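The chain below stands alone and is given in structure tokens; this is the form deposited in one PDB entry.
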């Protein structure tokens, strides 16, 4: 199974653990630890791994990562595949921190152009993922999974955390496979999060906020201040009906159009 991955993975992506230099620990998880370090004269982040469940996730992640090549998506450096002790995933380190920190922790006041540049960059990355021959549903797009360069540009990542006529809506929805349009919903919430500088339903806990969007059809408030083209993107973006949400190819277009008038 691992051998099948070794073969499909381009040779230049093959790392030897000795090639990788581990400095500090940045985060933890079910998979193991995430180190910062140095590899091939680059400052990198290393996802070091500690069952068949765990390995299935490892192969999945590498298979995803070796395909990704876009300036708005995380950048794969390589993977070490010799034996399950040495399993690691290396990516180019990004130093500007998450979008979450910029908005809610550093609480920095942002120009509309600064806001729109991050928003466009995230839309491009998503457009990229959705337009792969085998499209990738991020499924967990949020401001924690959006990293920033020091000049204000953004990158999309993933830290890794019967008859229908009479069916209850919650039951119907579980029988309906979700699509890439699930990312457009998440994205819309991020877009609101950018412009307002507030966490979506900040006064609520996560599961409480989710229930109000699903059961009670509540969205974050869209003020008059927010520009017409973007408030439009919001309205259509977090539409309960997936088919009513726009593609990222259109999202990029509308947003780039805005960057010209600013």
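Residue numbers count along the first chain shown, from 1. Rigid core (definition): largest C-alpha set, two forms, superposition within 1.5 Å.
Compared with the other entries of this protein, residue 203 is consistently built, present in every one of those that build its neighbours rather than absent from a third.
Across the other entries compared, none leave residue 69 without coordinates where the residues on each side are present, so it is far from a third.
Unmodelled deposited residues between residue 161 and residue 162: 10 or more, per the record. According to the record, 4 to 9 deposited residues between residue 50 and residue 51 are left without atomic coordinates. Relative to one another, 53-61 and 219-227 have unequal mean CA B-factors, and 53-61 is the one with the higher figure. In this entry, the higher average B-factor at the C-alpha atoms falls on 6-14, of the pair 236-244 and 6-14. Ranking 75, 186, 133, 98 by the C-alpha B-factor listed in the PDB entry places 133 at the top. Taking only the listed residues 181, 108, 144, 124, the entry reports the highest CA temperature factor at 108. Sort the modelled residues of the chain by CA B factor and residue 200 lands in the middle third. Ranked by Cα temperature factor within the chain, residue 42 sits in the middle third according to the deposited record. Sorting the modelled residues of the chain by their CA temperature factor places residue 70 in the lowest third. In the deposited entry, the Cα temperature factor of residue 81 sits in the top third of values across the chain's modelled residues. When the modelled residues of the chain are ordered by C-alpha B-factor, residue 149 sits in the middle third.
The discussion below concerns the form deposited in another entry, not included here.
Residue showing a CA shift of 2 Å or more between this form and the one not shown (rigid core superposed; candidates 79, 102, 118, 188): 79. Core-aligned CA deviation for residue 155 between this form and the one not shown: less than 2 Å. Residue displacement note: residue 249 has its CA displaced by under 2 Å between this form and the one not shown (rigid core superposed).
Core-superposed comparison between this form and the one not shown: CA of residue 141 displaced by less than 2 Å.
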